[PDB]
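Read through the structure below, which is laid out as structure tokens, and then see the notes.
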Amino acid sequence: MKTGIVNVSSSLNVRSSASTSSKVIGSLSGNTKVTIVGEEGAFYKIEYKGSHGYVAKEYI
């Protein structure tokens, strides 16, 4: 139930998987609400903008 808050930094690149080679695919907004839904590697799974992208958990 409890959601996580994205670290209101200044910039954050969203990948397509727990791989850097995946490259960028979209940009997420800080302070955005995301209902976590699983995790893999040094990244977590989320669902926003009707789409899904991986994000670092260490930064959050």
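Each chain in the structure tokens gets a letter, A, B, ..., in the order shown, and its residues are numbered from 1; ligands are numbered from 1 in order too.
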
Quiz prompt | All residues 12 Å or closer to range 19-28 of chain A, only C-alpha atoms, same chain fewer than 5 positions away omitted, as number ranges by chain | solution = A: 6-14, 33-34, 40-43, 46-49, 51-56

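Distances to residue 4 in chain A were evaluated for A:58, A:16, A:36, A:29 using only C-alpha atoms, and the minimum falls at A:36.
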
Self-check item: CA of residue 5 in chain A to CA of residue 30 in chain A, straight-line distance in Å
Solution: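 Interatomic distance, CA of residue 30 in chain A to CA of residue 5 in chain A: 8.2 Å.
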